[PDB]
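So the sequence shown is numbered by the authors' numbering: it starts at 1 and just counts up by one.
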Amino acid sequence: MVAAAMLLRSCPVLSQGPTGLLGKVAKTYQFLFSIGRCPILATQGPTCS
């Protein structure tokens with residue numbers, strides 16, 4: 001045949017494609033959708049905690 005593994009990359013699943021941070025975007029934003037005093041500084045606090 002003529003095919004050296006060069007016809008498969010349509011983002012099928014990759015074993016663990018989904019379930020990679022979703023429910024967070026489907027809730028967090030639901031609250032940070034329309035605040036008011038949006039952050040202008042951005043990253044002004046500590047690097048962690």
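Built from N, CA and C at the ideal position, the CB exists for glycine as well.
May I ask you to report which of helix, strand or coil DSSP gives residue i?
i	result
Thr43	coil
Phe31	helix
Since I believe residue j is in contact with residue i (beta carbons under 8 Å), could you give me their beta-carbon distance rounded to a whole number of angstroms?
i	j	result
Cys11	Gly17	7 Å
Near residue i, which residues of its chain fall below 6 Å by C-beta distance, leaving aside the five closest residues on each side in sequence?
i	result
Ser34	none
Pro46	none
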